[PDB]
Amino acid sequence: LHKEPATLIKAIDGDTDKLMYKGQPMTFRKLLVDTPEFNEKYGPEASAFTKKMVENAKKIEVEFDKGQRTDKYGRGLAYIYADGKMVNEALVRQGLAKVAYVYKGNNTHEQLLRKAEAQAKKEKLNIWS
C-alpha cells in the first residue's frame, strides 16, 4: 500500500472526514473500524479524538487498500494517517472503535487493528470498560 496526500476540509465524526484528495472534496470512511455515532455512548468522545488528531496534523495522508476504493455512498475507503500515525489504529487502541467491516481484498491492516483491540480490551478502555 502507498500513502497519498490529502488535506483536511472538515472533521465529521469518528468514522468520517471531509478531505481534499487529488484536488477534489470527498468524504472518507475509515477502513476496518466502527465507531459509535455521536448519539451513542463514546460517540462524542470518538468524534473528539479523531477531530483533534486530524486538525492538529501538519500532514494528512490516505492509504487505499487493494480492493474497493469507494463505498456504495460514494465515500472513499482508506486508512487515514495524521503525521504518519494511523487514525484507524489509534481509535481502536483507545477503545473508541471496534474492528468491523472486514471484507476480503480490503483487509491489509486487519491483524494490526485486532492486536490494538485486544490491548484496549485488556486495559478495559472506554467501549471495553
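For every residue, the number given is its place in the sequence shown, counted from 1.
| If you average the CA temperature factors over each stretch, which comes out higher, 27-35 or 48-56? | Result of the comparison: 48-56.
| query | What stretch has the higher average Cα B-factor here, 2-10 or 120-128? | reply | Result: 120-128.
| query | For the listed residues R93, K98, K66, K72, which one has the largest C-alpha B-factor as given in the deposited model? | reply | Highest CA B-factor of the listed options: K66.
| said: For the chain shown, is the CA B-factor of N107 in the lowest, middle or highest third of its modelled residues? | reply: As the PDB entry reports it, the C-alpha B-factor of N107 lands in the middle third of its chain.
| field | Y79 - Cα temperature factor, lowest/middle/highest third of chain | value | Lowest third, going by the recorded CA B-factors of the chain.
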